[PDB]
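Just below is one structure, and these are the notes that go with it.
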Amino acid sequence: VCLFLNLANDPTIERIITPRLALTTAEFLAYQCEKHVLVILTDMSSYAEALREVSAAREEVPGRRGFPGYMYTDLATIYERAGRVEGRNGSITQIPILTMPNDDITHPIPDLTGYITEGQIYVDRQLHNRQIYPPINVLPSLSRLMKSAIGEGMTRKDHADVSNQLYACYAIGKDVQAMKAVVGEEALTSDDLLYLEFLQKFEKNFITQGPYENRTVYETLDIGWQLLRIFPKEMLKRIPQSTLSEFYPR
Amino acid sequence: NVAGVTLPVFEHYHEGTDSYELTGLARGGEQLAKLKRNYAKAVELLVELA
């Protein structure tokens, strides 16, 4: 671990300094020491505020929403310091944390951060109110190049299949719950009851993680399979039977 | 009520009484009884479709 820390009361200038030091050390470890470094950054909204501080110090007129017009170049230079290189055994993976201002998707900071980076992950306030930790919303979540990050050889072959099944089933469960909330159980069929049970068990178990539960990919795949086994093969349509024989008849 | 909207339904009650139970006793009443059961099941069907 390499822990850099910068309290709030510290100088405004030093705030724009720490990420560069972290990036330099991460590059040194990943390339010169052939490591696989997962760097994480926190609260880039306040980093943008520090950028605003230096911009005010520069006597340059502010741009849209008061933020400087050259936020793009600085944030791009921060984000793009990663990847793998030829003739090297190592990689760098960046995961920043952006504090979405007051649920504003159109705010410039998150818009540009979505433009530069690849994919995004959302959290939910309602799930946090439901006391389900971590409050992660997978309905809008999207990983850009997951199709090559996973598959046979790297891991179990049918991981992507399983995630697609879980996503589709979650969507159907949410839709039937929405129809339910105004229509009524009098007009509800058994398969919809199974979908409701799967949804409830899904937020109860899969989304629920807890603080100190070291979970591995294989047992999570087993849990997903157990959830999918509530249904028979008839409506588990999206997966070829040649691969459903792998775990469905257990 | 289905889907929050109400509709009516009709049901048949068979009161235990009769008036023509023995019309035409001295000439014949079995064909009349066939008519009785035929028209009773007809009334069932008609009430259902109503």
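Letters A, B, ... go to the chains of the structure tokens in the order shown; residues in each chain start at 1; ligands are counted from 1 in the same order.
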With the cut-off set at 9 Å and counting only C-alpha atoms, tabulate each residue of chain B with an atom at most that distance from an atom of chain A, showing the nearest atom pair and its distance in Å to one decimal, ordered by chain and increasing number, as a tab-separated table.
```
residue	atom	partner	partner_atom	distance
B:1	CA	A:186	CA	8.7
B:2	CA	A:186	CA	6.8
B:3	CA	A:183	CA	4.6
B:4	CA	A:183	CA	6.5
```
*asked:* Please extract the residues of range 38-236 of chain A with a backbone DSSP assignment of strand (DSSP E) and present them as an MDAnalysis selection string.
replied: chainID A and resid 38:41 91:96 120:123 136:142
Print the selection's residues with N, CA and C atoms to a file, as a tab-separated table (two decimals), in the first residue's frame.
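Wrote selection.tsv, looks like this:
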```
chain	number	residue	atom	x	y	z
A	38	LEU	N	-3.24	-0.98	-8.58
A	38	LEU	CA	-4.58	-0.40	-8.58
A	38	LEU	C	-4.54	0.91	-7.80
A	39	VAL	N	-4.51	2.02	-8.52
A	39	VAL	CA	-4.57	3.35	-7.91
A	39	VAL	C	-6.03	3.75	-7.81
A	40	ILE	N	-6.39	4.41	-6.71
A	40	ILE	CA	-7.72	4.95	-6.49
A	40	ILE	C	-7.58	6.40	-6.05
A	41	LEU	N	-8.46	7.26	-6.55
A	41	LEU	CA	-8.48	8.68	-6.22
A	41	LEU	C	-9.85	9.02	-5.66
A	91	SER	N	0.65	-3.40	-15.13
A	91	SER	CA	-0.46	-2.59	-15.61
A	91	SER	C	-0.83	-1.59	-14.53
A	92	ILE	N	-1.63	-0.59	-14.92
A	92	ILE	CA	-2.17	0.39	-14.00
A	92	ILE	C	-3.67	0.49	-14.26
A	93	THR	N	-4.45	0.49	-13.18
A	93	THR	CA	-5.90	0.58	-13.25
A	93	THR	C	-6.34	1.72	-12.34
A	94	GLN	N	-7.08	2.67	-12.90
A	94	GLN	CA	-7.52	3.85	-12.16
A	94	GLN	C	-9.00	3.74	-11.82
A	95	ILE	N	-9.34	4.09	-10.59
A	95	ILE	CA	-10.73	4.15	-10.15
A	95	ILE	C	-10.93	5.44	-9.36
A	96	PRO	N	-11.37	6.53	-9.99
A	96	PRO	CA	-11.69	7.74	-9.24
A	96	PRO	C	-13.09	7.70	-8.63
A	120	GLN	N	-19.20	3.37	-16.54
A	120	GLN	CA	-19.48	4.03	-15.28
A	120	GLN	C	-20.25	3.08	-14.37
A	121	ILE	N	-20.21	3.37	-13.07
A	121	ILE	CA	-20.94	2.62	-12.06
A	121	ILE	C	-21.70	3.61	-11.19
A	122	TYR	N	-22.96	3.31	-10.90
A	122	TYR	CA	-23.84	4.19	-10.15
A	122	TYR	C	-24.12	3.61	-8.77
A	123	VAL	N	-24.35	4.51	-7.82
A	123	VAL	CA	-24.89	4.16	-6.51
A	123	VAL	C	-26.25	4.83	-6.39
A	136	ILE	N	-25.53	-0.22	-4.46
A	136	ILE	CA	-25.06	-0.22	-5.84
A	136	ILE	C	-26.24	-0.53	-6.75
A	137	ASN	N	-26.47	0.34	-7.73
A	137	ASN	CA	-27.54	0.17	-8.71
A	137	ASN	C	-26.93	-0.41	-9.98
A	138	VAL	N	-27.27	-1.68	-10.26
A	138	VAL	CA	-26.73	-2.35	-11.45
A	138	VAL	C	-27.57	-2.11	-12.69
A	139	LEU	N	-28.78	-1.57	-12.55
A	139	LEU	CA	-29.61	-1.32	-13.72
A	139	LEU	C	-28.97	-0.33	-14.69
A	140	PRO	N	-28.46	0.83	-14.26
A	140	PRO	CA	-27.73	1.70	-15.19
A	140	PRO	C	-26.25	1.41	-15.31
A	141	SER	N	-25.70	0.51	-14.50
A	141	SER	CA	-24.27	0.25	-14.53
A	141	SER	C	-23.86	-0.37	-15.86
A	142	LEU	N	-22.61	-0.12	-16.25
A	142	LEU	CA	-22.09	-0.58	-17.53
A	142	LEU	C	-20.58	-0.62	-17.47
```
*Using CA of residue 161 in chain A and CA of residue 239 in chain A as the two end points, give the distance in Å to one decimal.*
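Answer for the CA of residue 161 in chain A to CA of residue 239 in chain A separation: 6.9 Å.
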*asked:* So the first atom is CA of residue 112 in chain A and the second is CA of residue 75 in chain A; what is the distance between them in Å, to one decimal place?
replied: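 Those two atoms sit 8.7 Å apart.
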*Between CA of residue 85 in chain A and CA of residue 217 in chain A, measure the distance and give it in Å to one decimal.*
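So the answer is 27.1 Å.
Among the candidate residues A:129, A:89, A:148, A:189, the one lying nearest to residue 29 in chain A is A:89, with distances computed using only C-alpha atoms.
Taking only C-alpha atoms into account, residue 133 in chain A lies nearest to A:205 out of the set A:164, A:200, A:205, A:177.
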*Would you list the contacts of residue 21 in chain B as a list in words, taking every protein, DNA or RNA residue within 10 Å and counting only C-alpha atoms, but skipping same-chain residues closer than 6 positions in sequence?*
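Residues near the query, excluding close chain neighbours: residues 29, 32, 33 and 36 of chain B.
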_Those in chain B with helix (DSSP H, G or I) from DSSP, as a PyMOL selection string_ = chain B and resi 30-49
_I'd like the neighbourhood of residue 11 in chain B as a ChimeraX atom specification, where a residue qualifies if any of its atoms comes within 12 Å (using only C-alpha atoms), though same-chain residues fewer than 6 positions away should be ignored._
/B:43-50
